[PDB]
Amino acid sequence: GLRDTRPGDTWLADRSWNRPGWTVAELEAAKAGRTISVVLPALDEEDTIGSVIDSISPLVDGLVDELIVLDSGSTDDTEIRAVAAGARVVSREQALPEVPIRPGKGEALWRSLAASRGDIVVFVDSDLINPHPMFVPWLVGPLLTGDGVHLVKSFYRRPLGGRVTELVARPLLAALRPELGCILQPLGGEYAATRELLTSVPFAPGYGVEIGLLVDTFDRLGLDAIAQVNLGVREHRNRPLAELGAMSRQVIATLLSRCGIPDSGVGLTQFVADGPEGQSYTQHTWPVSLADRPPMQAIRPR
């Protein structure tokens, strides 16, 4: 199965693979009643976002019913450059105005549930350098085929998550939810899920949103509702070791909470070397949230 896989191949819970022999035109006919929304979380991506949107543009009005970019309060020219790419911009404020704004990616995705209409929601990051046009078709594929799959996770390859995936998320999963050891990229920003699922689960804060979702899906619906799809090659912003430490802490906090383990709520305090010889250390404490958002069905029922 994993001895030969092509960009598009689907893996089911029961160690079974499937090669997709359809087109964008074929999947659209397999919809019938069900609608697809694509959401792009964005916090200052004025350089990359244009190219991201253009790859998805031809899908709109056909397969994709609506393309939405969720603005996490960008201070640069992201808001104006997204419109010029032919995308609809919805900020956190207008996505759900009657609930106060909280920082983090988890919020953005949670708020986008209220902002979107589609029966199926697809998330794609807006910092992707050259995304392949077939990304969205590949993610929706396993959902349109009737069997009871609610969450589609993607796996990718670095060109010629990263470290945090391989050292934090995956080993911790092996320790706490061993069944999810078959997930290759648990913290993948590119994934698709049905509204029925998304609106019934709580949404983890910050960078904990993905791993929270994965575990929540597995705990309620079992492994049989989760599928994996090969995308091929992924590339985005190169995060410094300092940032990765913070993200790890949030991934830990989110995963520990989903497993009924009390997390301290104490932020990761880092010690960055000042001078060349490491003569002194600058103390840096990243914030960590243990506050989930309630299932959207509790706030604004579809």
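Numbering starts at 1 and runs along the sequence shown. C-alpha atoms forming the largest set that superposes within 1.5 Å between two forms make up the rigid core.
J.: Which of the two stretches, 228 to 236 or 67 to 75, moves more in 4 other deposited structures of this protein when the core is held fixed, judged by C-alpha RMS distance?
T.: Comparing 67 to 75 with 228 to 236, the one that moves more in 4 other deposited structures of this protein is 228 to 236.
J.: Please work out whether 238 to 246 or 32 to 40 has the higher root mean square C-alpha deviation in 4 other deposited structures of this protein relative to the shown form, with the rigid core as fitting region?
T.: With the rigid core superposed, the C-alphas that lie farther in 4 other deposited structures of this protein are those of 238 to 246.
J.: Does the comparison with other entries of this protein show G161 left unmodelled in at least a third of them?
T.: Yes.
J.: Just how many deposited residues go unmodelled from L160 to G161: none, 1 to 3, 4 to 9, or 10 or more?
T.: According to the record, 10 or more deposited residues lack coordinates from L160 to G161.
J.: Averaging the C-alpha B factors as listed in the entry, name the stretch that ends up higher: 68 to 76 or 207 to 215.
T.: Higher mean C-alpha B-factor in the PDB entry: 68 to 76.
J.: Of the two stretches 49 to 57 and 246 to 254, which shows the higher Cα B-factor on average in the entry?
T.: Mean CA B-factor is higher for 49 to 57.
J.: Hey, out of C182, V152, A87, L144, whose CA B-factor is highest in the deposited coordinates?
T.: Highest CA B-factor of the listed options: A87.
J.: Taking the values straight from the PDB record, which of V272, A29, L268, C259 has the highest C-alpha temperature factor?
T.: Within the set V272, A29, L268, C259, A29 shows the top C-alpha B-factor.
J.: Split into thirds by Cα B-factor across the chain's modelled residues, where does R102 land: lowest, middle or highest?
T.: Middle third.
J.: Among the chain's modelled residues, which third holds the C-alpha B-factor of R220?
T.: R220: CA B-factor falls in the middle third of its chain.
J.: Where does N230 sit by CA temperature factor within its chain: lowest, middle or highest third?
T.: CA B-factor rank for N230: highest third.
J.: Lowest, middle or highest third: which one holds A174 when the chain's residues are ordered by CA B-factor from the entry?
T.: Answer is lowest: the recorded C-alpha B-factor places it there.
J.: Among the modelled residues of its chain, does the C-alpha B-factor of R111 lie in the lowest, middle or highest third?
T.: Middle third - that is where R111 ends up once the chain's C-alpha B-factors are sorted.
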